[PDB]
Amino acid sequence: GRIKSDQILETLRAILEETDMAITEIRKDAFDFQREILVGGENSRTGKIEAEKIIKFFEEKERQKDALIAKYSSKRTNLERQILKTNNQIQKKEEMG
Amino acid sequence: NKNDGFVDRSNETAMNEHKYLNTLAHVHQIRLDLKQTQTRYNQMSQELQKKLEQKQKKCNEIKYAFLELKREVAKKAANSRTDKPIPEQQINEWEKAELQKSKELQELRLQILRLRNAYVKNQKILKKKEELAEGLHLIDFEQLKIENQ
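Chains A and B are the protein sequences, given in the same order. Per full-length UniProt numbering, residue 105 is the first one in the first sequence, and the count goes up by one each step. Per full-length UniProt numbering, residue 498 is the first one in the second sequence, and the count goes up by one each step.
Right under this line is the structure:
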């Protein structure tokens, strides 16, 4: 019971942290988009917003976050090697103990 | 009688009924401790759940404000020359791509955070395995350290 309740606690806390980070990044993206479109994204001659600028902004934001994902993958690979080495260290130490 | 052997081990040493009462009181104490431990566990679990609900609702409200502003601008978005607004299909494609990329980075953040916590725990374990061996782990080299002195 203690193990299960503890684990549910860590799951809840991790969800808390990731929700907080999602809020942060979503609001950062909101600031970026509002600055890019409502400031420099609306057609002046016609009084409307421009479709093409919204296009370019969408693709650029997606590319930036996908570069974020690529660096995430590089860090994940680094952490994969680190986790493997740490698991080997822990298993060897337990065996020696 | 139905499951364990019918043989009775009465020839053994006469275990004290005081010992039996001690183990019975220990059982009662362990059951009570189980009760209060689950009490605190549920308390903190509910606290975490309510905090997560509040954080998620705030995230959702801000996200929907951002999305409504985005769509307000999007339908405003018509070409400078042709003045034809963004195709609704193009806007939907952008929405799907942006939402998928944001979500994907979000599970990436989940996994990075949990992996980093597992990392900190693994370095802590590696340091904590300083215990010498067996058996007497720290006092052994403490007295050993005494002679090194």
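Note that CB positions come from ideal geometry on N, CA and C, so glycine has one too.
task: My understanding is that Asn619/B touches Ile194/A, with C-beta atoms under 8 Å, so please give their C-beta distance in whole angstroms.
output: Residue numbering aside, residue 619/B sits at position 122 when the second sequence is read from its first letter. Residue numbering aside, residue 194/A sits at position 90 when the first sequence is read from its first letter. The pair is a contact, with the Cβ atoms about 7 Å apart (cut-off 8 Å).
query: Does the segment 611–628 of chain B touch the segment 138–151 of chain A, meaning 3 or more C-beta pairs lie closer than 8 Å?
result: no
- request: Name the two residues that bound the continuous alpha helix (DSSP H) containing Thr520/B.
  value: The residue labelled residue 520/B in the question sits at position 23 within the second sequence. Segment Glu514 to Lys573, the alpha helix (DSSP H) holding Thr520/B.
- request: Would you verify that the beta carbon of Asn619/B is, or is not, closer than 8 Å to some beta carbon of chain A?
  value: What you label residue 619/B is simply residue 122 of the second sequence in a count that begins at 1. Judged by the 8 Å Cβ criterion, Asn619/B is in contact with chain A.
message: Helix, strand or coil, according to DSSP, for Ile194/A in the structure here?
response: For the purposes of this step, residue 194/A is taken as the residue at position 90 of the first sequence. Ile194/A falls in the helix class under three-state DSSP.
Residues bridged to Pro582/B (per DSSP): Taking the first residue of the second sequence as position 1, residue 582/B is located at position 85. Answer by DSSP bridge pairing, in chain order: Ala575/B.
task: Indicate whether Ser542/B and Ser109/A have their beta-carbon atoms separated by less than 8 Å.
output: Taking the first residue of the second sequence as 1, we reach residue 542/B at position 45. Taking the first residue of the first sequence as 1, we reach residue 109/A at position 5. In contact: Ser542/B and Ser109/A (Cβ atoms closer than 8 Å).
- prompt: Counting along the chain, where does the alpha helix (DSSP H) carrying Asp110/A start and finish?
  reply: On the first sequence, position 6 is the one that residue 110/A refers to. That run of the alpha helix (DSSP H) goes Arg106 to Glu140.
message: Is it buried or exposed, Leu602/B, if we count other Cβ atoms within 10 angstroms and call 16 or more buried?
response: For the purposes of this step, residue 602/B is taken as the residue at position 105 of the second sequence. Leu602/B should be labelled buried.
task: Give the interface partners of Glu565/B over in chain A, defined as CB-CB distance under 7 Å, in chain order.
output: Mapped onto the second sequence, residue 565/B falls at position 68. By Cβ distance, chain A contributes nothing, its closest Cβ being about 10 Å from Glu565/B, past 7 Å.
- prompt: Nearest to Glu590/B by CA position, among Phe503/B, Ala571/B, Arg537/B and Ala575/B, is which residue?
  reply: The sequence position of residue 590/B within the second sequence is 93, counting from 1. Answer by Cα proximity: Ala571/B.
- prompt: Going by alpha carbons, who is nearest to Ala134/A out of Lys554/B, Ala511/B and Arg568/B?
  reply: Numbered from 1 along the first sequence, position 30 holds the residue referred to as residue 134/A. Here the closest residue by C-alpha is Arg568/B.
- request: Give the interface partners of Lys165/A over in chain B, defined as CB-CB distance under 7 Å, in chain order.
  value: As a first step, residue 165/A is located in the first sequence; it is residue number 61 there, counting from the start. Those are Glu595, listed as they occur along chain B.
Beta-bridge pairing of residue 203/A - partner residues as DSSP gives them: With chain A covering 105 to 201 only, the question about residue 203/A has no answer from this structure.
query: In whole angstroms, what separates the C-alpha of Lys547/B from that of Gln540/B?
result: Here residue 547/B corresponds to residue number 50 of the second sequence, with the count starting at 1. Here residue 540/B corresponds to residue number 43 of the second sequence, with the count starting at 1. One C-alpha to the other measures close to 11 Å.
- request: Can you grab the Cα-Cα spacing for the pair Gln553/B / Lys642/B, in whole Å?
  value: To locate residue 553/B, count along the second sequence from 1; it is residue 56. To locate residue 642/B, count along the second sequence from 1; it is residue 145. Distance between the alpha carbons of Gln553/B and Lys642/B: 54 Å.
- prompt: In terms of alpha-carbon separation, which member of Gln533/B, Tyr517/B and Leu596/B lies closest to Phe162/A?
  reply: Along the first sequence, one-based indexing puts residue 162/A at 58. Checking every option, the nearest Cα to that of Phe162/A belongs to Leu596/B.
query: DSSP three-state call for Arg506/B: helix, strand or coil?
result: Translated into the one-based positions of the second sequence, residue 506/B becomes position 9. Looking at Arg506/B - three-state DSSP - the assignment turns out to be coil, as it is neither helix nor strand.
query: CA-CA distance, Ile159/A and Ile609/B?
result: Looking up residue 159/A in the first sequence gives position 55. Looking up residue 609/B in the second sequence gives position 112. About 31 Å.
query: How should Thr123/A be labelled, buried or exposed, when 16 other C-beta atoms within 10 angstroms of its C-beta is the threshold for buried?
result: Taking the first sequence and counting its residues from 1, one reaches residue 123/A at position 19. Buried, by the Cβ-count rule.
query: Nearest chain A C-beta to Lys598/B closer than 8 Å, yes or no?
result: Here residue 598/B corresponds to residue number 101 of the second sequence, with the count starting at 1. Yes, contact with chain A.
field: Buried versus exposed, by CB contacts within 10 Å (16 or more), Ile141/A
entry: Looking up residue 141/A in the first sequence gives position 37. It is buried - the Cβ of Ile141/A has at least 16 other Cβ atoms within 10 Å.
- request: Following the continuous alpha helix (DSSP H) through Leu641/B, name the residue where it begins and the one where it ends.
  value: On the second sequence, position 144 is the one that residue 641/B refers to. Residues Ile636 to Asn645.
- request: Kindly list, in the order they appear in chain B, the residues whose Cβ is closer than 7 Å to that of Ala126/A.
  value: On the first sequence, position 22 is the one that residue 126/A refers to. The answer, in chain order, is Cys556 and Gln603.
message: I'd like to know if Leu188/A contacts chain B, where contact means its C-beta is closer than 8 Å to some C-beta of that chain.
response: One-based indexing of the first sequence puts residue 188/A at position 84. By this cut-off, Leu188/A is not an interface position.
query: Hey, out of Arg185/A, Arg180/A and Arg131/A, whose CA is closest to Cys556/B's CA?
result: As a working mapping, residue 556/B is identified with position 59 in the second sequence. Checked all of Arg185/A, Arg180/A and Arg131/A; the closest Cα to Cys556/B is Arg131/A.
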